[PDB]
Structure formats: C-alpha cells, structure tokens
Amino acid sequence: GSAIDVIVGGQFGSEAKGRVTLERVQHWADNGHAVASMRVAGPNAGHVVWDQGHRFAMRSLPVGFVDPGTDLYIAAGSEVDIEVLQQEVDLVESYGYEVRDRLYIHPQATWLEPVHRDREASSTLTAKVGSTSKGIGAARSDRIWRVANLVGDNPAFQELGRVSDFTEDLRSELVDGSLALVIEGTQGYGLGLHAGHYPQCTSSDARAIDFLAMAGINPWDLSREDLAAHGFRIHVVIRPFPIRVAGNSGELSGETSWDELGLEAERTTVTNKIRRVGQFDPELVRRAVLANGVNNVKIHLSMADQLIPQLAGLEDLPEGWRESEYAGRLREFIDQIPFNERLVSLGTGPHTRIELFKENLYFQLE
C-alpha cells in the first residue's frame, strides 16, 4: 500500500516539523516499508532534527537523509540555493551520511541565486515584515516574471544529486506500487500570503494543499483502498507557546518573554535572531486545521515539555502522573486545543515524543 504524509505548521512556524517529519520517515523505514522524503518551497526556514548526538538544522536537504534507505526529493515547486545545498551536503557527508546517490533535484525548481539574497537584504523587507531576507521572495518574483533561471539551467547541481524530472516516476510508484511519500512542509499556516496577516507574512501559503501542489503529487492519486486505509494524512504541528521571528513581524497574541515563561531563549535557524514568543491562541489553530482539511488532520502537540517540564525527554508518562498536579494542567491545555480528538502525539524534546496510538500495530494490521 502507498501513503502520503504532509507535515505542516499550525501557527507561525518553528512548531517542530523537522522532528515530526523524521518521526514519520522512521515510522515507515523501521517497518521496512519503502519511503521517500521530499522537501518543497525554499530555504527561508531550518528544520531541526537530531541523530547520533548531532543537531542538524536543515534548510534544503530533506531531513529523511537521517535514514539510509530513504530516497530524497527536492520538488519542482522549490527554490534551491546551491550554496546552501552544497553546505548541507558537505555537512552531512562529514558525519558519514551518504546522500548524493539517492538525492533527486527537480530541474523545474527555481535556482535561487546570490542576486536574490542581495536584493532582499538591501530592501525594506526585514524592517517592514521581519523577513529573513534569504532571497526566497525575490526568486519567486523573478520566476513569476519568467526571468529566473531554473535548476536545470545550472550544471553544478549535477555534482550534488541527480537532476531529473522525477515527478511522474514518483506518482507511478505511489499509484502502481507501495511507497510512503513524506512531504516536509515549511513555516506555518498563519504566515500564509492569504491567511490574514498580509503584509506581515511570507510569500506563499502554507497549507497542505499548497505543499502538495509544489510536490506535483495529488492526494487523490492514491487508490481507493489506500485512501480507505487512511493513507492520506496531514500532520499539523503546534506548540503551546507560539513564536514569531524577531522584529516587525506581525501580531502575536499574548506576547511575553522567554524569561517570563521560565524557558531558555530560542533563536531562528536562518538568521540566529531571538524569536518572539506568546501564549497559545486556539483560534489560529482552529483556522489552520479548517484550512488544511480537518478530515485528514492528525495533530502533534510539540514541546509539551515546555508546558510540563516533568515530561522532558520521556517517551511515556511518568510514574506518579495520576496523582500529580501537572496531570490536570496537561489535561486542561489539551481541552482547549481545537479538534483535540485528532491529537496523536506529545513532543517531549528535540527527538522524543509520547505516541498516543499503537502505530506499529496498526501498520501490521493494515
């Protein structure tokens, strides 16, 4: 059977899609199922995963690189900065990962060039909207004007992976075989161009359907049987203390400080700037779930350990839970998560979580 997982952010980004994406890749991989890891969009966000004691903040290479048997795809609907990809390939190779012979880079992706970074960095974008100024918008604007170059136009990408129009081969594997495709989305619903905060937003929308359009794969490409087995899943990742990037980046409900929360300060991957942080806003998450398509949503509550420090690093509830004060605290927070009947996981650290369902059992049962 085939499956499509799309991992998306329910707030303004940095909800831990990297962690959840890798968890999904390893779900299929550890069960011996063929699996592919695809990244879409552009390098204006890093997705953090841990493996064997190392922390990887990836902007371009799919986080499925951690699993040796996973094919890695950079979708047609991407912007690819070759200096970023070169650095990430060099980085993982220096830790013994092998990626070049299983990395597929679509030739129709936009080539994000130095001039795109320069154009954003010298513009009013950061001052006006808090942009990372990493060139993604400038590249997309050039693509719209049909003056951008494509990945297929730069032979240097062939040193890093296979530059090939793989989309129909991939669709065929889903239709005609048994492939699990994990699509790593970026940022979060509330940053979407049309989600309500414009102009304090990013240059695309950030729903599952946007990332599927970028991937060039349709959920209805799956067979009736595979859809009936719940083969199409949208993983909406949320955190209890929503963040935004530093600066003039838009409204943040209940904005507070890392110190007031008793939490270590967090910094953005692509700029190292301190994140803004606020209190949980269920209305944003409600709108995100509705926009993504509630019938296929599974909700992942990341950083439950920031709400309940006693959970840090655990993969099961601690012994004295029923008798503790913080059992009610967690239950009360869960009560006000919209659509909480779809909650499937509690994140407890950068590489740990409490799984609410017997995912491996249900795989074996199909």
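Each residue number is its position in the shown sequence, starting from 1.
Between 206-214 and 110-118, it is 110-118 that carries the larger average Cα temperature factor according to the deposited entry. Relative to one another, 288-296 and 93-101 have unequal mean CA B-factors, and 93-101 is the one with the higher figure. Per the PDB record, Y326 has a higher Cα B-factor than any other of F65, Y326, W50, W28.
Of the candidates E88, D221, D153, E168, the deposited coordinates give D153 the top C-alpha B factor. Per the PDB record, residue ranking by Cα B-factor puts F232 in the lowest third of the chain. Sort the modelled residues of the chain by CA B factor and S60 lands in the middle third.
Sorting the modelled residues of the chain by their CA temperature factor places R275 in the middle third.
Per the deposited record, the Cα B-factor of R162 falls in the middle third when ranked against the other modelled residues of its chain.
Among all modelled residues in its chain, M303 ranks in the middle third by Cα B-factor.
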